[PDB]
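What follows is one chain in structure tokens, specifically the form deposited in one PDB entry.
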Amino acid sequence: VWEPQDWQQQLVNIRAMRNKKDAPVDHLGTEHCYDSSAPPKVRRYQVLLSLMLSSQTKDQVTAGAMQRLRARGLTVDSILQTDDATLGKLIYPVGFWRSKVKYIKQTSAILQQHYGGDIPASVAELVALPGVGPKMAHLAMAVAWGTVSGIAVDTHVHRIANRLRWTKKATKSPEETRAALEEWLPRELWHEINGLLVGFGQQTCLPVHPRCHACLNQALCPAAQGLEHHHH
């Protein structure tokens, strides 16, 4: 097998310097319509709802309905206790909002009775829900459960993997790093590691002259002794 020495400690340090979550790539490409303080189970329900309200709809109109639902408190119970007319005025004016009221109310009842208040964990069960198609199912599996086919390795993930030495030996291409990372990384982190490291490289682990003087892995990063610059 393989376990990068002090990776679980290096990971939570990357999470700490990332707790602000203010990097360009993620904000361009992540979803902000979820309560950050919500427990993981409530978050998964908010992910599914945000996907069911994005069929031919502006992202500002979509995020505007999420922020209105979060303002009242967005849980499976609060939705089931909301009448159809009230929920209609809330998500209005998202596209096809009348059908989406029926979709959300019925799906929330299916989750409460057959899933203990959680969302399904397979594409086949997700697409069986009213208003959930195959495109939404694969996005829900990736954002809510972290299930992805493979680790998406770009220049940032390839650079940080060789700096922290998360591979057996120094890889030569981002594709060689993918097979080395998939040897040991838990699958629930395969999707989260892309949204975390790419933003980490943009803000701290820069391609040249990284901010090792303000990085928590200064004692954990093996190659930090060669990139730390005092005059920088």
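Note that residue numbering begins at 1 and tracks the sequence as displayed.
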| item | value |
| --- | --- |
| Residue stretch of maximal mean CA temperature factor, 95-103 vs 140-148 | 140-148 |
| 177-185 versus 60-68 - which carries the larger mean C-alpha B factor in the record | 177-185 |
| Deposited CA B-factor, highest of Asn194, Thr204, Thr167, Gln46 | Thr167 |
| Record-listed C-alpha B factor of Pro39: chain third | middle |
| Lowest, middle or highest third - CA B-factor, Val198 | middle |
| Entry-reported Cα temperature factor of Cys33, expressed as the chain third it lands in | highest |
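Although it is not shown, the form deposited in another entry is what the next lines describe.
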{"item": "Cα-Cα shift for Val153 and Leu139, closer or farther in that other deposited form, minimum 3 Å", "value": "closer"}
{"item": "Cα-Cα trend for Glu188 and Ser108, given that in that other deposited form the distance shifts by 3 Å or more", "value": "farther"}
